[PDB]
Amino acid sequence: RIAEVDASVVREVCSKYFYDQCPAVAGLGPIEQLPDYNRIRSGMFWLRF
Amino acid sequence: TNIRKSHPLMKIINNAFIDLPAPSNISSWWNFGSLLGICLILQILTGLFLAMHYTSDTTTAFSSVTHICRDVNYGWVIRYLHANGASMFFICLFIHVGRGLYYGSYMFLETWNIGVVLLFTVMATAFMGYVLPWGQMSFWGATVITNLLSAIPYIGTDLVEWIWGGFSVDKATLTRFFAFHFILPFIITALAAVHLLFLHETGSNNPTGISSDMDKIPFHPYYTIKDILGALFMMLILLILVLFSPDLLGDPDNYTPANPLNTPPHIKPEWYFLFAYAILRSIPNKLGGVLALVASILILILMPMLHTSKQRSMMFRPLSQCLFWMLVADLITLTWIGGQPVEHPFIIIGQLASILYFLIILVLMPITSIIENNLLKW
Amino acid sequence: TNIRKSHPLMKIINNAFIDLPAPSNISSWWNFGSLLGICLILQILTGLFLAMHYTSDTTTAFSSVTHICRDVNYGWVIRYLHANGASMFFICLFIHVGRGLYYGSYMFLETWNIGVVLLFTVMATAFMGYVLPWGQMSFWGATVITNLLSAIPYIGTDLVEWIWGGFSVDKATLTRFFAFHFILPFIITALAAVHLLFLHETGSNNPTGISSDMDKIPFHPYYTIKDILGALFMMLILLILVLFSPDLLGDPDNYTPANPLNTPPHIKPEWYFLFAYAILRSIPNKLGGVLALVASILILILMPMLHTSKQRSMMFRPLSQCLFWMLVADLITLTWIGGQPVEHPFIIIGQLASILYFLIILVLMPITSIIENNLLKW
Amino acid sequence: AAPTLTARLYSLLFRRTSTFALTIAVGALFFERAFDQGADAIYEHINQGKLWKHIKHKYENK
Amino acid sequence: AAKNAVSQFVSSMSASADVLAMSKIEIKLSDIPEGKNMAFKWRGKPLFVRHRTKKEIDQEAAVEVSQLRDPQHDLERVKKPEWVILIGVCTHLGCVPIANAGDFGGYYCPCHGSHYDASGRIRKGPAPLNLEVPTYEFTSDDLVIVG
Amino acid sequence: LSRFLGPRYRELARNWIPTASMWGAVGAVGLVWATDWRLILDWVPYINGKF
Amino acid sequence: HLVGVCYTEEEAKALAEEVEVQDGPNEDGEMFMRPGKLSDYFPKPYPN
Amino acid sequence: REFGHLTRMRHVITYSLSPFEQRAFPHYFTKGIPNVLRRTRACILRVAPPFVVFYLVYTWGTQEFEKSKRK
Ligand code: HEM
Ligand code: HEM
Ligand code: HEM
Ligand code: HEM
Ligand SMILES: Cc1cc(C)c2nc(SCc3c(C)cccc3-n3nnn(C)c3=O)sc2c1
Ligand SMILES: Cc1cc(C)c2nc(SCc3c(C)cccc3-n3nnn(C)c3=O)sc2c1
Ligand SMILES: Cc1cc(C)c2nc(SCc3c(C)cccc3-n3nnn(C)c3=O)sc2c1
Ligand SMILES: Cc1cc(C)c2nc(SCc3c(C)cccc3-n3nnn(C)c3=O)sc2c1
Ligand code: FES
């Protein structure tokens with residue numbers, strides 16, 4: 001099952017699970033510079049592609 | 001490499017507009033600062049179009065303005081954008097000053113004192129532009145100011161025969177009115193950059209008056225989207241005036257060309273100069289009239305040292321809020337009186353309301369804040 | 001405390017001009033950057049005077065320029081300041097570029113690439129202003145450019161009947177030439193501020209090419225007094241031209257008004273456009289002519305990647321210095337040929353010197369630096 | 001749990017952000033096809049028999 | 001924020017005329033008698049109208065086909081033999097001469113040795129191509145819409 | 001030079017020519033909207049923008 | 001200004017014809033006279 | 001880039017004198033003349049020979065434009 005994996009399988013399965021998804025976040029202090037949830041959620045989409 | 005934090009130009013943009021810490025409870029009374037910056041850019045671009053077709057000569061000044069409204073393509077929409085965009089500038093400016101007075105924003109001392117300078121420079125700019133079309137209000141508006149400007153005791157008559165070119169009224173007369181009016185909006189722009197540089201040292205005030213360093217949010221995206229929405233709602237209202245009522249705020253008497261011979265039935269300035277005109281005509285003197293006109297803008301600079309309350313804003317002060325809207329309802333009275341003729345009822349009402357404008361700011365407000373301190377036991 | 005280091009405005013002035021670390025061995029070839037900034041401010045103030053009395057109409061353009069030299073008070077000194085101040089700008093600009101090329105200053109990549117943009121924008125500005133007086137070189141200079149600007153293959157003839165107002169030359173023709181010429185010097189100012197912001201990241205180069213952090217001195221007082229002295233010596237030379245020879249650099253044929261029916265005996269541009277004109281007339285084509293004119297300014301942007309020497313400046317490279325002044329003596333040849341008529345000796349000399357301008361920069365300079373590396377064993 | 005038709009375009013094009021900034025250009029089309037059917041036709045209907053091109057058939061008879 | 005805020009700002013200064021019915025709309029009269037080219041101040045440079053005589057045709061057709069390096073003849077551009085329309089700029093630089101001077105009946109350019117003909121021909125160097133002919137449509141009987 | 005040549009440089013160019021022709025074709029159709037490019041305005045005649 | 005508002009272009013030249021106007025100076029003449037050219041403003045009614 | 005953060009240096013000493021302790025012109029035309037004769041002798045053979053080539057082309061160029069005319 002490991003020998004079947006190639007670069008196009010990895011490129012496909014990561015887009016299914018990561019690409020425009022809402023994540024869950026937890027933080028324990030000192031966390032004043034932990035970025036806003038809108039700024040985290042915008043980091044899931046891209047600029048060029 | 002985050003290029004937003006290491007590039008020499010992108011650092012300045014990121015510190016000023018993107019990652020700036022801002023309070024979370026900012027109202028839409030805090031929208032009118034960027035509305036003023038939109039109104040200034042609009043007046044500059046539209047004014048640079050009108051200046052390629054205007055002629056500053058008292059025989060062809062009125063005729064070059066009728067030519068652009070009839071001959072030049074899209075000249076009628078650009079001319080009435082400029083006249084109505086100036087009323088839009090002055091209504092946002094009066095909201096802006098009344099905000100900073102109610103919430104106590106004058107405690108930012110360097111930001112408040114650059115603002116009082118900016119208020120003088122836009123009032124002088126708008127006066128010069130209303131002389132340039134040369135109808136019968138541009139004529140009888142120019143002479144009322146400059147015979148009031150000959151009552152300066154030692155250099156007064158030196159300064160009145162400088163602005164007309166040296167003569168009484170001629171062609172070279174409106175070259176000096178036009179050149180002042182060209183240059184001053186670009187100094188207003190430089191003073192507004194310094195204005196925001198001093199505010200960047202503290203950040204903003206908020207409606208409670210209480211410091212908010214434990215509750216900041218980034219400026220993008222929360223106030224980038226809230227300021228775009230307020231600007232679109234302002235371009236809607238401006239175009240309702242340009243396209244459905246372009247002559248509602250003006251006066252019909254400025255469609256007659258200037259004539260020292262004929263006679264205008266009344267003297268009425270624009271609506272945003274009518275409050276100052278009512279204070280002038282209540283002083284039977286011409287040195288004490290120009291003094292009380294300049295002292296009604298310069299009284300704003302005494303607001304930091306007249307503050308005797310323990311709290312910063314008026315949100316929790318109910319007696320100071322009755323006096324704040326007595327002052328707004330007194331500037332409405334002085335706008336109405338300034339457009340009336342000088343007879344018996346409108347002569348005592350006009351001077352009893354010029355006294356009340358100085359009695360509220362200088363006497364009744366600092367005494368009322370001390371009574372409130374004593375009812376809370378400080 | 002020290003108010004030079006804690007005030008919000010005075011901090012910026014102190015970091016940029018007072019406490020700035022500078023090399024100690026800076027020559028007077030480094031004077032010409034602030035001379036360019038003096039020449040730009042001078043052209044702006046003088047040009048804003050001429051624009052209140054100029055008329056952009058092909059029946060009254062030549063007559064409004066003779067009026068200011070005869071009727072308006074101090075109009076003759078201000079007009080010849082403007083024409084001679086533009087020759088002063090272009091001679092300081094050619095010294096400035098030749099400095100950065102000899103001492104290897106193009107290695108500051110963001111500073112060099114903003115500079116090549118600034119070189120295009122001042123050349124286009126000076127072209128539009130020489131059309132405005134509308135004598136017989138403003139006419140035959142405008143048509144030579146815009147029939148060469150109809151040899152752009154797909155959008156060319158679209159762009160030639162836009163700048164004349166739609167037409168041939170009429171009253172609305174020089175309103176677009178005038179409005180471009182008004183606006184571009186204020187964009188040049190904004191690009192020169194960004195230009196210095198990127199240089200503040202490294203500081204200056206010096207005549208040896210070697211870094212000098214161990215030998216810095218403060219900018220005040222050592223280069224504040226050295227730059228004031230060079231500016232006074234430049235205002236002396238400019239006034240020798242305005243007051244003792246104001247027509248030395250111009251052409252007499254521009255004192256005849258523009259006439260499509262009459263005939264000028266020769267076509268000669270200003271002296272600082274004569275080198276580009278000689279490269280044009282050596283290409284028997286009109287697409288390959290406008291290409292080789294634009295490729296003679298755009299070849300400056302390839303200087304960072306054509307550098308094959310181990311050292312930064314030309315101070316210790318004696319074979320690269322013979323090639324540097326072969327290139328200067330080739331731009332003098334192309335200035336002379338550009339003011340001659342098109343006959344037999346000046347037609348082969350003109351094209352054998354257009355080849356040598358590209359052969360030195362692209363081929364002979366990168367090969368000579370490799371021979372020098374090999375004689376030093378790197 | 002049958003949902004409503006929200007996700008027409010969440011997956012294919014408006015996810016790669018390409019068509020999110022392209023819809024100002026690619027998405028510039030066919031609404032100046034569609035709003036002559038509005039403003040122009042409402043304008044000539046409120047003013048019927050009052051404009052020039054209504055009445056110009058009289059003196060245009062050559 | 002794009003289709004009407006950049007897309008409509010050209011005409012104040014662009015293709016659309018400000019005088020509308022002006023000169024290519026006019027009723028051109030005999031605004032010059034037979035045999036001269038006098039200047040007029042419309043379409044920028046003077047369009048030169050000329051009353052064309054009975055034997056200026058055989059000045060234009062006696063010249064054969066070989067060494068005039070640009071073939072554009074007078075039976076093809078202007079629809080009537082007794083009518084012509086000219087524009088006042090040369091092809092390379094932009095000169096036109098003082099009226100009624102030339103060797104065989106054209107306009108002799110005193111720059112460096114050129115001579116344009118009457119109906120838009122060039123015999124000389126270093127002029128690359130022929131004369132600009134203006135846009136036209138002879139619709140009427142005698143009220144001239146040239147353009 | 002050979003500092004940029006390799007199997008990895010045009011690797012990510014073959015991944016970016018779809019992000020390239022989209023760099024180019026959008027700017028190519030962006031150049032008609034700006035300056036009212038009238039010989040490609042009726043390339044497709046459904047845009048009768050000029051009145 | 002009346003073409004497309006209440007008149008066509010013909011019916012507008014032929015109304016400018018109806019009053020002849022006072023044009024400017026030329027050689028072999030004087031300031032001469034001529035009918036309306038359709039570029040003329042409405043003719044004024046008192047010498048000064 | 002401010003002054004106490006530029007580089008690292010050890011074991012060098014600098015001696016300097018006040019401007020009010022000094023003469024304005026110690027040597028002006030007794031070192032100013034032989035020092036510019038050293039700096040001129042170093043540059044001349046790199047700078048001058050290209051401009052001697054522009055002179056010989058100007059002189060030949062404006063001598064085949066005169067004799068083209070009048071035989
Ligand atoms: C052309 C004129 C002006 C421009 C462009 C301008 C612009 C701005 C902007 C963008 C802000 C920040 C956002 C906001 O709070 O609205 C601001 C804040 C402020 N302005 Fe102005 N302003 C002008 C005139 C004035 C005047 C006339 C005054 C007072 C006399 C003034 C005093 C203030 C104060 C005190 C603040 C901070 C308020 C707070 O944070 O609570 N400004 N200005
Ligand atoms: C803060 C900015 C400005 C304000 C408040 C302002 C205000 C005015 C006003 C009230 C008028 C009278 C118009 C009328 O009632 O008919 C006017 C006219 C005029 N303004 Fe402005 N103006 C501003 C900026 C400018 C600028 C920057 C320029 C030129 C570069 C300009 C050029 C003109 C011209 C040429 C006129 C005369 C033409 C006309 O009357 O329409 N204005 N201005
Ligand atoms: C209006 C045009 C310009 C202005 C006002 C200007 C201004 C300045 C100033 C004040 C300096 C610093 C002092 C100095 O070294 O002289 C400087 C440096 C420099 N400039 Fe310019 N400049 C202009 C055009 C250009 C052009 C056309 C180029 C090159 C193509 C250029 C390239 C450079 C470089 C490379 C430096 C740094 C040189 C070094 O430190 O060795 N600039 N400029
Ligand atoms: C980098 C800045 C500038 C350069 C290099 C430049 C160059 C020139 C030149 C070469 C002329 C032709 C003058 C002659 O030979 O008779 C001219 C004319 C003129 N320029 Fe400028 N100019 C500059 C800035 C400005 C500015 C900023 C303005 C206006 C605000 C201006 C306004 C005028 C006017 C009105 C003329 C009228 C024709 C005349 O006076 O001769 N110029 N300019
Ligand atoms: C749409 C739009 C875009 C831009 C780019 C923009 N920029 C401002 S100015 C930001 C600012 C600075 C620079 C310094 C100190 C305080 C504030 N600031 N803080 N709160 N508020 C309401 C403020 O304006 S508004 C606005 C609106
Ligand atoms: C600081 C300041 C400066 C000035 C100079 C100023 N002037 C006035 S009142 C001028 C006026 C009159 C008396 C009569 C008719 C018309 C106008 N008038 N002139 N321009 N505009 C827009 C007008 O309404 S308040 C004021 C305040
Ligand atoms: C008389 C006078 C006055 C002033 C105010 C002035 N200002 C300059 S620009 C200074 C500069 C900056 C801002 C940034 C990076 C490098 C340099 N810099 N470093 N060396 N040199 C010769 C430089 O110009 S020259 C000049 C002359
Ligand atoms: C980047 C750039 C742009 C332009 C547009 C440009 N143009 C020329 S040559 C123009 C010219 C001719 C052919 C004949 C007579 C006079 C003038 N002429 N026009 N203005 N000035 C100061 C002149 O000398 S090089 C150049 C370089
Ligand atoms: S220059 Fe026009 S004919 Fe030779």
# chains A, B, ... in the order shown; residues from 1 in each chain; ligands from 1

call {"tool": "residues_near_ligand", "arguments": {"ligand": "ligand 6", "cutoff": "7 Å", "atoms": "only C-alpha atoms and all ligand atoms", "output": "PyMOL selection string"}}
result
chain B and resi 120+123-124+126-131+137-138+140-142+144-145+267-270+273+276-277+294

call {"tool": "select_by_dssp", "arguments": {"residues": "segment 268-301 of chain B", "states": "helix (DSSP H, G or I)", "output": "list in words"}}
result
residues 271, 272, 273, 274, 275, 276, 277, 278, 279, 280, 287, 288, 289, 290, 291, 292, 293, 294, 298, 299, 300 and 301 of chain B

call {"tool": "interface_residues", "arguments": {"of": "chain C", "to": "chain B", "cutoff": "8 Å", "atoms": "only C-alpha atoms", "output": "list in words"}}
result
residues 8, 52, 175, 197 and 198 of chain C

call {"tool": "write_last_selection", "arguments": {"atoms": "C-alpha atoms", "output": "PDB file, in the first residue's frame"}}
result
ATOM      1  CA  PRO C   8       7.460  62.046  15.686  1.00  0.00           C
ATOM      2  CA  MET C  52      -1.439  81.359 -15.752  1.00  0.00           C
ATOM      3  CA  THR C 175      -4.933  70.841 -24.573  1.00  0.00           C
ATOM      4  CA  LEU C 197      13.976  55.259   0.331  1.00  0.00           C
ATOM      5  CA  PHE C 198      15.696  52.251  -1.244  1.00  0.00           C
TER       6      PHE C 198
END

call {"tool": "residues_around", "arguments": {"residues": "segment 20-37 of chain E", "least_positions_apart": "4", "cutoff": "7 Å", "atoms": "only C-alpha atoms", "output": "ChimeraX atom specification"}}
result
/E:42,48-51,99-100,143-147

call {"tool": "residues_near_ligand", "arguments": {"ligand": "ligand 3", "cutoff": "9 Å", "atoms": "only C-alpha atoms and all ligand atoms", "output": "ChimeraX atom specification"}}
result
/C:26,28-40,89,93-94,96-101,103-122,188-189,191-193,195-196,199,202-207,300-301

call {"tool": "write_last_selection", "arguments": {"atoms": "C-alpha atoms", "output": "mmCIF file, in the first residue's frame"}}
result
data_model
loop_
_atom_site.group_PDB
_atom_site.id
_atom_site.type_symbol
_atom_site.label_atom_id
_atom_site.label_comp_id
_atom_site.auth_asym_id
_atom_site.auth_seq_id
_atom_site.Cartn_x
_atom_site.Cartn_y
_atom_site.Cartn_z
ATOM 1 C CA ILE C 26 32.865 61.088 -1.189
ATOM 2 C CA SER C 28 32.116 66.157 -5.878
ATOM 3 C CA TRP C 29 30.741 63.744 -8.495
ATOM 4 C CA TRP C 30 28.342 62.870 -5.641
ATOM 5 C CA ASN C 31 27.070 66.485 -5.628
ATOM 6 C CA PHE C 32 24.816 66.076 -8.661
ATOM 7 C CA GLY C 33 21.997 64.208 -6.929
ATOM 8 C CA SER C 34 20.936 67.216 -4.894
ATOM 9 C CA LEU C 35 21.566 69.474 -7.903
ATOM 10 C CA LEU C 36 18.925 67.439 -9.773
ATOM 11 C CA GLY C 37 16.522 68.020 -6.899
ATOM 12 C CA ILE C 38 17.174 71.764 -7.063
ATOM 13 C CA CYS C 39 16.624 71.811 -10.840
ATOM 14 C CA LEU C 40 13.298 69.998 -10.438
ATOM 15 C CA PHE C 89 18.506 69.614 -15.757
ATOM 16 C CA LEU C 93 21.312 64.086 -15.373
ATOM 17 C CA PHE C 94 23.966 62.894 -17.798
ATOM 18 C CA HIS C 96 24.665 61.526 -12.643
ATOM 19 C CA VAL C 97 24.188 58.448 -14.838
ATOM 20 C CA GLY C 98 27.813 58.393 -15.964
ATOM 21 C CA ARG C 99 28.926 58.490 -12.316
ATOM 22 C CA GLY C 100 26.861 55.428 -11.350
ATOM 23 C CA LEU C 101 28.174 53.540 -14.371
ATOM 24 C CA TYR C 103 31.794 53.487 -10.019
ATOM 25 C CA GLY C 104 29.497 50.453 -10.220
ATOM 26 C CA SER C 105 26.528 51.936 -8.366
ATOM 27 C CA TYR C 106 24.063 49.857 -10.430
ATOM 28 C CA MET C 107 24.660 47.002 -7.942
ATOM 29 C CA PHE C 108 22.013 48.739 -5.810
ATOM 30 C CA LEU C 109 19.368 46.978 -7.891
ATOM 31 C CA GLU C 110 16.154 48.617 -6.685
ATOM 32 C CA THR C 111 17.757 52.073 -6.784
ATOM 33 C CA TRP C 112 19.068 51.581 -10.322
ATOM 34 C CA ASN C 113 15.755 50.329 -11.745
ATOM 35 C CA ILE C 114 13.712 53.217 -10.367
ATOM 36 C CA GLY C 115 16.333 55.454 -11.993
ATOM 37 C CA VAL C 116 15.827 54.040 -15.492
ATOM 38 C CA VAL C 117 12.092 54.743 -15.120
ATOM 39 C CA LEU C 118 12.852 58.350 -14.073
ATOM 40 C CA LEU C 119 14.989 58.810 -17.190
ATOM 41 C CA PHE C 120 12.056 57.972 -19.505
ATOM 42 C CA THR C 121 9.651 60.255 -17.683
ATOM 43 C CA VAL C 122 11.796 63.398 -17.904
ATOM 44 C CA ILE C 188 8.735 62.394 -11.219
ATOM 45 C CA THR C 189 8.716 63.876 -7.705
ATOM 46 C CA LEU C 191 9.356 58.411 -7.975
ATOM 47 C CA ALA C 192 12.353 60.315 -6.587
ATOM 48 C CA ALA C 193 11.144 59.893 -3.013
ATOM 49 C CA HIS C 195 14.345 56.246 -5.135
ATOM 50 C CA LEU C 196 15.950 57.580 -1.960
ATOM 51 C CA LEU C 199 19.127 53.885 -1.008
ATOM 52 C CA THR C 202 22.494 50.468 2.270
ATOM 53 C CA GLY C 203 23.928 53.977 2.334
ATOM 54 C CA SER C 204 26.215 55.237 -0.406
ATOM 55 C CA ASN C 205 28.943 53.730 -2.540
ATOM 56 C CA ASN C 206 32.348 55.476 -2.595
ATOM 57 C CA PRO C 207 35.102 55.936 -5.263
ATOM 58 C CA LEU C 300 20.907 50.449 -18.937
ATOM 59 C CA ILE C 301 18.801 47.842 -17.160
#

call {"tool": "atom_distance", "arguments": {"atom1": "atom CA of residue 17 of chain D", "atom2": "atom CA of residue 49 of chain F"}}
result
28.6 Å

call {"tool": "select_by_dssp", "arguments": {"residues": "chain E", "states": "strand (DSSP E)", "output": "list in words"}}
result
residues 48, 49, 85, 86, 107, 108, 109, 114, 115 and 116 of chain E

call {"tool": "residues_near_ligand", "arguments": {"ligand": "ligand 9", "cutoff": "8 Å", "atoms": "only C-alpha atoms and all ligand atoms", "output": "ChimeraX atom specification"}}
result
/E:89-96,109-116,125-127

call {"tool": "interface_residues", "arguments": {"of": "chain C", "to": "chain E", "cutoff": "10 Å", "atoms": "only C-alpha atoms", "output": "PyMOL selection string"}}
result
chain C and resi 58-59+139-148+161-173+175-176+259-267+341-342

call {"tool": "residues_near_ligand", "arguments": {"ligand": "ligand 2", "cutoff": "6 Å", "atoms": "only C-alpha atoms and all ligand atoms", "output": "mmCIF file with N, CA, C and O atoms, in the first residue's frame"}}
result
data_model
loop_
_atom_site.group_PDB
_atom_site.id
_atom_site.type_symbol
_atom_site.label_atom_id
_atom_site.label_comp_id
_atom_site.auth_asym_id
_atom_site.auth_seq_id
_atom_site.Cartn_x
_atom_site.Cartn_y
_atom_site.Cartn_z
ATOM 1 N N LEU B 40 -12.063 64.987 -0.540
ATOM 2 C CA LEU B 40 -10.948 65.838 -0.930
ATOM 3 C C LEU B 40 -10.350 65.405 -2.263
ATOM 4 O O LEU B 40 -9.984 66.250 -3.081
ATOM 5 N N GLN B 43 -12.786 66.475 -5.135
ATOM 6 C CA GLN B 43 -12.691 67.895 -5.463
ATOM 7 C C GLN B 43 -11.410 68.236 -6.212
ATOM 8 O O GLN B 43 -11.368 69.223 -6.944
ATOM 9 N N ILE B 44 -10.351 67.457 -6.035
ATOM 10 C CA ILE B 44 -9.111 67.775 -6.722
ATOM 11 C C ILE B 44 -9.179 67.355 -8.186
ATOM 12 O O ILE B 44 -8.815 68.131 -9.072
ATOM 13 N N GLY B 47 -11.783 69.465 -10.076
ATOM 14 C CA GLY B 47 -11.321 70.836 -10.224
ATOM 15 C C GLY B 47 -10.209 71.000 -11.237
ATOM 16 O O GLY B 47 -10.056 72.063 -11.833
ATOM 17 N N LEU B 48 -9.415 69.959 -11.440
ATOM 18 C CA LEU B 48 -8.374 69.998 -12.452
ATOM 19 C C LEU B 48 -8.922 69.886 -13.870
ATOM 20 O O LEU B 48 -8.209 70.217 -14.819
ATOM 21 N N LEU B 50 -11.999 71.450 -14.652
ATOM 22 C CA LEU B 50 -12.611 72.753 -14.867
ATOM 23 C C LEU B 50 -11.576 73.835 -15.122
ATOM 24 O O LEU B 50 -11.889 74.852 -15.741
ATOM 25 N N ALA B 51 -10.343 73.634 -14.667
ATOM 26 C CA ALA B 51 -9.314 74.656 -14.778
ATOM 27 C C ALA B 51 -8.666 74.713 -16.153
ATOM 28 O O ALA B 51 -7.959 75.679 -16.440
ATOM 29 N N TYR B 54 -11.584 77.223 -17.839
ATOM 30 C CA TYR B 54 -11.987 78.458 -17.190
ATOM 31 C C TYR B 54 -11.053 79.595 -17.600
ATOM 32 O O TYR B 54 -9.875 79.385 -17.887
ATOM 33 N N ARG B 79 -19.188 69.947 -13.706
ATOM 34 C CA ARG B 79 -19.423 71.186 -12.981
ATOM 35 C C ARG B 79 -20.354 71.009 -11.788
ATOM 36 O O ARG B 79 -20.039 71.497 -10.700
ATOM 37 N N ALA B 83 -19.749 71.625 -7.511
ATOM 38 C CA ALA B 83 -20.521 72.495 -6.635
ATOM 39 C C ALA B 83 -21.226 71.703 -5.544
ATOM 40 O O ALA B 83 -21.365 72.184 -4.416
ATOM 41 N N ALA B 86 -18.755 70.089 -2.806
ATOM 42 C CA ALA B 86 -18.317 70.995 -1.761
ATOM 43 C C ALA B 86 -19.309 71.085 -0.618
ATOM 44 O O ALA B 86 -18.899 71.308 0.518
ATOM 45 N N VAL B 122 -9.777 75.070 4.788
ATOM 46 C CA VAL B 122 -10.852 74.693 3.881
ATOM 47 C C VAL B 122 -11.929 75.769 3.788
ATOM 48 O O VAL B 122 -12.611 75.858 2.765
ATOM 49 N N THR B 125 -10.468 78.309 1.328
ATOM 50 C CA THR B 125 -10.453 77.755 -0.023
ATOM 51 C C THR B 125 -11.819 77.868 -0.683
ATOM 52 O O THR B 125 -11.927 78.308 -1.829
ATOM 53 N N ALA B 126 -12.875 77.507 0.043
ATOM 54 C CA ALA B 126 -14.219 77.515 -0.519
ATOM 55 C C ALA B 126 -14.718 78.932 -0.774
ATOM 56 O O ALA B 126 -15.587 79.137 -1.624
ATOM 57 N N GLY B 129 -13.251 80.078 -4.335
ATOM 58 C CA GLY B 129 -13.836 79.426 -5.493
ATOM 59 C C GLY B 129 -15.196 79.972 -5.853
ATOM 60 O O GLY B 129 -15.583 79.974 -7.018
ATOM 61 N N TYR B 130 -15.930 80.457 -4.869
ATOM 62 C CA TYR B 130 -17.238 81.031 -5.135
ATOM 63 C C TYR B 130 -17.169 82.442 -5.719
ATOM 64 O O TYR B 130 -18.187 82.976 -6.148
ATOM 65 N N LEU B 132 -14.979 83.001 -8.344
ATOM 66 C CA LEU B 132 -14.581 82.715 -9.725
ATOM 67 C C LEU B 132 -15.686 82.684 -10.787
ATOM 68 O O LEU B 132 -15.397 83.085 -11.921
ATOM 69 N N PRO B 133 -16.925 82.206 -10.540
ATOM 70 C CA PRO B 133 -17.928 82.294 -11.620
ATOM 71 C C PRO B 133 -18.412 83.703 -11.939
ATOM 72 O O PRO B 133 -18.899 83.923 -13.052
ATOM 73 N N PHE B 182 -6.250 77.498 -6.334
ATOM 74 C CA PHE B 182 -5.551 76.355 -6.887
ATOM 75 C C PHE B 182 -4.623 75.703 -5.874
ATOM 76 O O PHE B 182 -4.517 74.476 -5.854
ATOM 77 N N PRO B 185 -5.809 73.625 -1.637
ATOM 78 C CA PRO B 185 -6.144 72.207 -1.439
ATOM 79 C C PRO B 185 -4.981 71.225 -1.421
ATOM 80 O O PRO B 185 -5.135 70.109 -0.927
#

call {"tool": "closest_residue", "arguments": {"among": "E:61, E:66, E:9, E:19", "to": "chain G", "atoms": "only C-alpha atoms"}}
result
E:19

call {"tool": "atom_distance", "arguments": {"atom1": "atom CA of residue 325 of chain B", "atom2": "atom CA of residue 307 of chain B"}}
result
17.8 Å

call {"tool": "atom_distance", "arguments": {"atom1": "atom CA of residue 48 of chain A", "atom2": "atom CA of residue 17 of chain F"}}
result
11.6 Å

call {"tool": "closest_atom_pairs", "arguments": {"of": "chain D", "to": "chain G", "cutoff": "12 Å", "atoms": "only C-alpha atoms", "output": "JSON lines"}}
result
{"residue": "D:50", "atom": "CA", "partner": "G:5", "partner_atom": "CA", "distance": 10.9}
{"residue": "D:51", "atom": "CA", "partner": "G:5", "partner_atom": "CA", "distance": 8.4}
{"residue": "D:52", "atom": "CA", "partner": "G:5", "partner_atom": "CA", "distance": 6.3}
{"residue": "D:53", "atom": "CA", "partner": "G:4", "partner_atom": "CA", "distance": 8.5}
{"residue": "D:54", "atom": "CA", "partner": "G:4", "partner_atom": "CA", "distance": 11.5}
{"residue": "D:55", "atom": "CA", "partner": "G:6", "partner_atom": "CA", "distance": 9.5}
{"residue": "D:56", "atom": "CA", "partner": "G:8", "partner_atom": "CA", "distance": 8.4}
{"residue": "D:57", "atom": "CA", "partner": "G:8", "partner_atom": "CA", "distance": 10.9}
{"residue": "D:58", "atom": "CA", "partner": "G:8", "partner_atom": "CA", "distance": 10.7}
{"residue": "D:59", "atom": "CA", "partner": "G:8", "partner_atom": "CA", "distance": 7.6}
{"residue": "D:60", "atom": "CA", "partner": "G:8", "partner_atom": "CA", "distance": 8.1}
{"residue": "D:61", "atom": "CA", "partner": "G:8", "partner_atom": "CA", "distance": 11.4}
{"residue": "D:62", "atom": "CA", "partner": "G:10", "partner_atom": "CA", "distance": 11.2}
